[PDB]
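Each chain is listed here by its residues.
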Amino acid sequence: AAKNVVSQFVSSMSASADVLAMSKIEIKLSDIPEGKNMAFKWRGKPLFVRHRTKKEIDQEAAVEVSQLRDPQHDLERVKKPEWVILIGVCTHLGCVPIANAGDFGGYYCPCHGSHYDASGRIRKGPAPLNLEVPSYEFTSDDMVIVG
Amino acid sequence: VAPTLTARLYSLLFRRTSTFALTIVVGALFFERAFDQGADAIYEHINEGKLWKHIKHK
Amino acid sequence: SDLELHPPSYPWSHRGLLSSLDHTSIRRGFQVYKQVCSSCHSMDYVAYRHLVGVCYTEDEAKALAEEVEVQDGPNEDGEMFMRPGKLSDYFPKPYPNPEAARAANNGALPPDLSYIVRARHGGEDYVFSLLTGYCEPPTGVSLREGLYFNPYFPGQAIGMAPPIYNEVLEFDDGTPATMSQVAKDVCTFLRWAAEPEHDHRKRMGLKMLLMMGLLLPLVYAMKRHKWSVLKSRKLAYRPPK
Amino acid sequence: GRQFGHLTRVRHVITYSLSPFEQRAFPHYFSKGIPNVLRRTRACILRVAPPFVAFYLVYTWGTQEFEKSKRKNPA
Amino acid sequence: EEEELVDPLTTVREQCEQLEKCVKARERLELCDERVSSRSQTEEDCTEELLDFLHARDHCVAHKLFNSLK
Amino acid sequence: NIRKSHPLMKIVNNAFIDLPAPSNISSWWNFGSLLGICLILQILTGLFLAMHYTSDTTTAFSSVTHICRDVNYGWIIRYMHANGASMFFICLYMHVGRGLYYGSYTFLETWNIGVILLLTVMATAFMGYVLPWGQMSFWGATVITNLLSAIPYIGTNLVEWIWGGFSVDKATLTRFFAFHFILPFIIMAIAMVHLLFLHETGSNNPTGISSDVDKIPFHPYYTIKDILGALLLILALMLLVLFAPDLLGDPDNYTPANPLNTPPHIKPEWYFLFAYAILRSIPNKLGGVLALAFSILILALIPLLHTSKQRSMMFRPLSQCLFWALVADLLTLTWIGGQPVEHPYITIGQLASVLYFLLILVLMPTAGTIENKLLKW
Ligand code: HEM
Ligand code: HEM
Ligand code: HEM
Ligand code: FES
């Protein structure tokens, strides 16, 4: 009885009308210019969708798999070479990777401070990983969804 | 049965507070598995809303 | 007038300690709710996923939700839009504010159906008694049409009507739905909308009785064991001669 | 306060005890037990019981008059 | 409605309504009913007699009902 | 060694381990720990409730439903709180009664603190019931709070001061929440002082005689008997919350608040019903609330009317009957209190109220004197 009563009380601090998860938001990509960071609501979390101008894909086509934490390339992330859909969280804490103002690529992950790039990747330090690609998947070329 | 079950329960498992604690905790596990299910089972003498029974129909 | 009648005791499948709740009935009762009852009665404390594990299957419940619509979030301007209901929005206010009920309903306000079984004595019995049983207004009683006559209902002047008139049917397994069967089911479903926890409540209760029934004797034997030095104990008084 | 060894002064009283692991926790439980509960009940009924029945009666009477009052024949 | 749904209530009610306790109760109903009609400036309104009948009937209804219901 | 010397352990040791206790206390002494238990159970389920409840009129009721449907195990937590409040009252009523019967009140400080403890939980529980913002929550909040308006020249202002508005509105709910949170902690400090004064003499016992001559350590003996005791509290509590969650609350208080309705009902929860009966038995605004109050503060007069040469009732037959007539009379009072103020109920509710006061203030002390005389004392 002790466990059970304790467990109930403990398990009471978790769910509710909080299993929602709808989203899969209607996005459109030529609809947004060429590289403008665009956050949505996916189960809540700000889905940072930055597009890719040719020039800025080449700084992302330039990574370092030899010297890396979570081994990957911008190409090894995105399935359609110039359309990676990012998110806003930061693998360390909760500073949604602010559009620009950072080191490599573009991205910057504040809170305190951590530097990202146009693949979400952690270039400098604080955040252990490279953000989260919501399967990033589309519908057609211009048309796009998530998941 | 013979030189007593309790006697052996005492001699082999209850003379130390260690083994005592240890059996109670091991005995706690199984009991939960046996009872939680046992009571859920006995409860099945109500083959009604029995989600399993409905699962087959729809 | 302060003169009235109290509902009898119907033998529901969910009364009497350890007792499930007829789930096939909650479902027919849901049907009754959506078709005939919902038109003028809100059940704003119940959502579509509540109907999941219980009666319907996941897909089934969504399909019902999908069907009609609600006013979903703001269109990128400042007007809202419509879309097929998801599993997460509560059943569907037929009247905006309270005075809308008065307007479309003689001047009376039909009370919410989220609880009702717990908000009226006798519970399902009162609803059952209010439903099925309807009578001819006796002599000297002056109805006035808006108010119908109803035994059980306090004052006897109601405003509802008997929306059970043997039908406006539905059906899965095709239950011969007379006014009786259609009433039992609503109440059974109503029990569930009021007290969803009903089943589990009584399951823990079974376990609580079995455990208490096992701990109680044991804790007693623990206690008499230690008190035995005192219960069995002897005194003698040996003063100097 | 109070402790043990500073309670009071007692003289010439022996107390025999027996270890709990050497006696039964439920000796004549039904044998000696039940007669005792009957004896305790006897001793107390005449002081507990009456006040209550006085209410028991006041209760049923009280309700009848109430219910029977909300009715009437002529006038 | 016009004829063809076998309302169990109606069926069990017949047998129920009939019975002794309700026979007597309905007698008083009719008794009082016929008084109320037999005048003008009256007010003894026959409301009580109805409930008593119903009560007696309804207890017996509950006892015999749901048995048949599916 | 370690238990006896260490600054914190001493306290525990002196209160639950080596405390000399009479080898004589019966079941009626268990309500002490039981209240202690009820107090914690009521703070613990209470806190978890505050993690989901919101004290604003438009979400108040909704948040309580949110708890029972959506919050995992919210329902048990909710009903345990609800029923623990009644369980806390049955125990409170056993405890006061026990002391009255056994002369335990001769320990003035302990007792007087006990009366402060009785009032504190009553004020606490009354605020508790208003929180869900149900029909009864609002009208019970209205009816009861309005009593203070009988106090001359101060009353109107008083009622308006605590109300926050001119009614039981927004200010009142949030207000009542805050005090319902702060009260049980204060209750605790006070229960510590209750136990502090009690420890100065140790417990009384059924004979009212004196047990220095036969004390036993609180440990195996009363720890293990309190355990078995708490277990039975749990049974009663759980039997209530699992099988009949709304039994003592009655099917009623659902449906939100409506400041224009006024249900033909209006009665506080069962634990105030005896007081409720006494109040309405008196045709008079002032007198009603004066006698309402007096019906509880009279516990502070009991020791001044002891009268008997023996402390307990164990050896006093006439007093026993009179005591039982008090309890019997208190049933009548709650029973009446739970009924409309019409024909039969008024006059007995009136008579029973006079009896309550006649019994405690005149009949009981007289019986003591008679009893002394029959024993040639
Ligand atoms: C869709 C058509 C319906 C309308 C227009 C309607 C309207 C009303 C009205 C006006 C009242 C208040 C009666 C009064 O205050 O005098 C009422 C009460 C009530 N309604 Fe309906 N109703 C409908 C269907 C239903 C159904 C199908 C049920 C349940 C099976 C239901 C459940 C109830 C109950 C249990 C009450 C009792 C309130 C009380 O006892 O105080 N309603 N309804
Ligand atoms: C500081 C500790 C406490 C906290 C944090 C607390 C919290 C709450 C909350 C949030 C509610 C509203 C939710 C609800 O109604 O279920 C509530 C209601 C209530 N409280 Fe407490 N409470 C505490 C102590 C107590 C005490 C000691 C009592 C006295 C027995 C009490 C009696 C009640 C009652 C009777 C209700 C309404 C019953 C109900 O609707 O469930 N509470 N409490
Ligand atoms: C928060 C509520 C209360 C708590 C936690 C509490 C606690 C206790 C405890 C733990 C005891 C130990 C003795 C025993 O087990 O009976 C006790 C005894 C006592 N209490 Fe309370 N009590 C409360 C309310 C009351 C009130 C309402 C009264 C009466 C006005 C009261 C008056 C007394 C008296 C006179 C004793 C001495 C009993 C004896 O020695 O026979 N307490 N109380
Ligand atoms: S998580 Fe961004 S620096 Fe802390």
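Residues numbered from 1 in each chain as written, not as in the entry; some residues may be left out. Chains lettered and ligands numbered in written order. Part of a larger assembly, values for the part shown. Heavy atoms only, no water.

### Considering the coordination of the iron atom of ligand 1
All names here are of chain C. On the protein side, the iron atom of ligand 1 has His41 (NE2) and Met160 (SD) as donor atoms, found 2.3 to 2.5 Å from it. The coordination sphere of the iron atom of ligand 1 comprises 6 donor atoms, whose angles at the metal cover 84 to 174 degrees; the geometry is octahedral. Note that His41 is positioned in the loop between α1 (23-37) and α2 (51-54) and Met160 in the loop between α5 (124-131) and α6 (179-194), a separation of 119 residues in sequence. For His41, a relative accessible area of 15% gives the class buried. Residue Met160 is classed as partly exposed on the basis of its relative accessible area, which comes to 35%. (Donors = N, O, S within 2.8 Å, 3.2 Å for Na, K, Ca; no water. Tetrahedral: all angles 85-135°; square planar, octahedral: opposite > 155°, others 65-115°. Helix = DSSP H or I, 4+ residues; strand = E, 2+ residues; numbered from the N terminus. Buried < 20%, exposed > 50% of the residue type's maximum accessible area, 1.4 Å probe, protein only.)

### Quick notes on the interface of chain B and chain C
Tallying the contact residues gives 12 residues for chain B and 21 residues for chain C. Approximately 1,400 Å² of surface area, both sides summed, lies buried where chain B meets chain C, with 59% of it carried by carbon and sulfur atoms. Area buried by chain B at its contact with chain C is led by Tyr43, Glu48 and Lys58 of chain B, which between them contribute 47% of it. Between chain B and chain C we count 4 salt bridges in total. Notably, a salt bridge pairs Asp40 of chain B with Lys207 of chain C, separated by 2.6 Å at the nearest N-O pair. Here chain B is connected to chain C by 8 residue pairs in polar contact. The greatest single-element share of the side of chain B that touches chain C, amounting to 6 residues, is contributed by helix α2 (residues 17-43) of chain B. (Contact = heavy atoms within 4.5 Å. Buried area = accessible area lost by both parts, 1.4 Å probe. Salt bridge = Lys/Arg side-chain N within 4 Å of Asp/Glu carboxyl O. Polar contact = N/O pair within 3.5 Å; in protein donor to acceptor, adjacent residues only side chain to side chain.)

### Structural notes on the state of the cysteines
Residues and elements named next belong to chain A. Scanning all chains against the criterion turns up 2 disulfides over all chains. Here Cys95 engages in a disulfide with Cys111; their sulfurs sit 2.0 Å apart. On the sign convention where negative is left-handed, the bridge of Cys95 and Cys111, at about -95 degrees about the S-S bond, is left-handed. Separated by 16 residues along the polypeptide, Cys95 in the loop between α3 (74-77) and β2 (143-144) and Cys111 in the loop between α3 and β2 bring together distant segments of the chain. (Disulfide = S-S within 2.5 Å.)

### Comments concerning unusual backbone geometry
Backbone torsion omega between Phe91 of chain C and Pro92 of chain C reads -5 degrees, so that peptide bond is classified as cis. Looking at the element boundaries, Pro92 of chain C is found in the loop between β2 (80-84) and α4 (99-103). Phi at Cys111 of chain A takes a positive value of approximately 65 degrees, unusual for a residue other than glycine. Among the residues examined, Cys111 of chain A registers a relative accessible area of 41% and is labelled partly exposed.

### Here's the deal with the UniProt feature "binding site: [2Fe-2S] cluster" in chain A
Residue and element names in this part refer to chain A. Residues annotated in UniProt with the feature "binding site: [2Fe-2S] cluster" correspond here to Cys90, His92, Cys109, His112 and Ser114. On the basis of their most widely separated C-alpha atoms, the annotated residues across 25 residues gather in one place, lying no more than 11.6 Å apart. Along the chain, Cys90 turns up in the loop between α3 and β2. We classify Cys90 as buried; its relative accessible area is 6%. Beyond its immediate stretch of four places on either side in the chain, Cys90 contacts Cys95, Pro97, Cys109, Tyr116, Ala127 and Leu131. The residue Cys109 is located in the loop between α3 and β2 in this model. (UniProt positions renumbered as here; feature names shortened; annotations may be inferred.)

### Considerations on the site of ligand 3
Residues and elements named next belong to chain F. Around ligand 3 sit 21 residues, and of these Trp29, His95, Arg98, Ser104 and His194 come closest. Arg98 is positioned such that a nitrogen or oxygen atom in its side chain is 2.9 Å from an oxygen atom of ligand 3. In this structure, an oxygen atom belonging to ligand 3 sits 2.6 Å away from a side-chain N or O atom of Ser104. When residues of the shell around ligand 3 are traced back to their parent elements, those giving at least two are α3 (31-50), α5 (74-102), α6 (108-130) and α9 (170-199). No other element matches α6, which puts 6 residues into the shell around ligand 3. Grouping the amino acids of the shell around ligand 3 by side-chain chemistry returns 11 nonpolar, 9 polar and 1 charged. (Near = heavy atom within 4 Å. Nonpolar A, V, L, I, M, F, W, Y, C, P; charged D, E, K, R; others polar.)

### What to know about the environment of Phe55 of chain D
Relative to the assigned elements, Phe55 of chain D resides in helix α1 (residues 33-69). Classification of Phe55 of chain D as buried rests on a relative accessible area of 17%. Distance from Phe55 of chain D to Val37 of chain D, taken between C-alpha atoms, is 25 Å for residues 18 residues apart in sequence. Leave out the neighbours within four places in its chain, and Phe55 of chain D touches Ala328, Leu331, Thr332 and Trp335 of chain F.

### Considering the coordination of the iron atom of ligand 3
Between any two of four tetrahedral donors, the ideal angle at the metal is 109.5 degrees; between two of six octahedral donors, it is 90 or 180 degrees. Residues and elements named next belong to chain F. Those protein atoms acting as donors to the iron atom of ligand 3 are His95 (NE2) and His194 (NE2), and they sit at 2.1 to 2.3 Å. Taken together, the 6 donor atoms coordinating the iron atom of ligand 3 and their angles of 78 to 175 degrees define a geometry best described as octahedral. Within this pair, whereas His95 is found in helix α5, its partner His194 is found in helix α9, the two being separated by 99 residues in sequence. Take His194: its relative accessible area is 17%, and that puts it in the buried class.

### Considerations on the interface of chain F and chain C
Of the residues lining the interface, 35 residues belong to chain F; the matching set on chain C comes to 38 residues. Here chain F and chain C share an interface that buries about 3,300 Å² over both sides, 70% of which is from carbon and sulfur atoms. When the buried surface of chain F facing chain C is broken down by residue, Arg69, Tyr221 and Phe243 of chain F rank first, second and third, together holding 23% of it. Run the count over chain F and chain C and you get 3 salt bridges. In this structure, the salt-bridge partner of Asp246 of chain F is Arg118 of chain C, at a minimum N-O distance of 3.2 Å. Joining chain F to chain C, the criterion identifies 14 residue pairs in polar contact. The leading source of residues in the side of chain F that touches chain C is helix α10 (residues 219-243) of chain F, at 15 residues.

### Quick look at the UniProt feature "binding site: a ubiquinone" in chain F
Per the UniProt record, "binding site: a ubiquinone" is found at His199 of chain F. Since its relative accessible area comes to 15%, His199 of chain F is described here as buried. Leaving out residues up to four positions away in the same chain, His199 of chain F has contacts with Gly1 of chain D together with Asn14, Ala15 and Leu19 of chain F.

### Let's talk about a negative patch on the surface
Together, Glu167 of chain C together with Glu1, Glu2, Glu3 and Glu4 of chain E line one region of the surface with negative charge. Within the secondary structure layout, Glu167 of chain C lies in the loop between α5 and α6. According to the relative accessible area criterion, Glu167 of chain C is partly exposed, its value standing at 36%. (Patch = residues over 30% accessible without salt bridge, like charges linked within 9 Å, V, L, I, M, F, W, Y side chains within 5 Å. Areas by Shrake-Rupley, 256 points an atom, 1.4 Å probe, with all protein chains shown as cover. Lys, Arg positive; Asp, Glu negative; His and termini not counted. Charge placed at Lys NZ, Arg CZ, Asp CG, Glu CD.)

### A short note on the packing of aromatic side chains
Summed over the entire model, instances satisfying the criterion amount to 55 aromatic pairs over all chains. Aromatic side chains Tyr271 of chain F and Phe272 of chain F sit 5.8 Å apart centroid to centroid with 50 degrees between the ring planes, which places their arrangement in the tilted category. Judged on exposure class, the residue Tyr271 of chain F and its partner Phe272 of chain F are both buried. A centroid spacing of 5.7 Å and a plane angle of 40 degrees characterise the contact between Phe294 of chain F and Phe357 of chain F, whose relative ring orientation is tilted. Placement of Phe294 of chain F in helix α12 (residues 285-297) and of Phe357 of chain F in helix α14 (residues 343-374) is noted, with a sequence separation of 63 residues between them. We classify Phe294 of chain F as partly exposed; its relative accessible area is 36%. The class for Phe357 of chain F is buried, based on a relative accessible area of 17%. Ring pairs connect the aromatic residues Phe30, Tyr33, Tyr48, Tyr56, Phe91, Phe189 and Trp192 of chain C, which therefore count as one cluster. We note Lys80 of chain A situated over the ring of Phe138 of chain A; from NZ or CZ to the ring centre the distance is 4.8 Å. (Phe/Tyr/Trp six-rings, centres within 6.5 Å; stacked < 30°, edge-to-face > 60°. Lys NZ or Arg CZ within 6 Å of the ring centre and 35° of its normal.)

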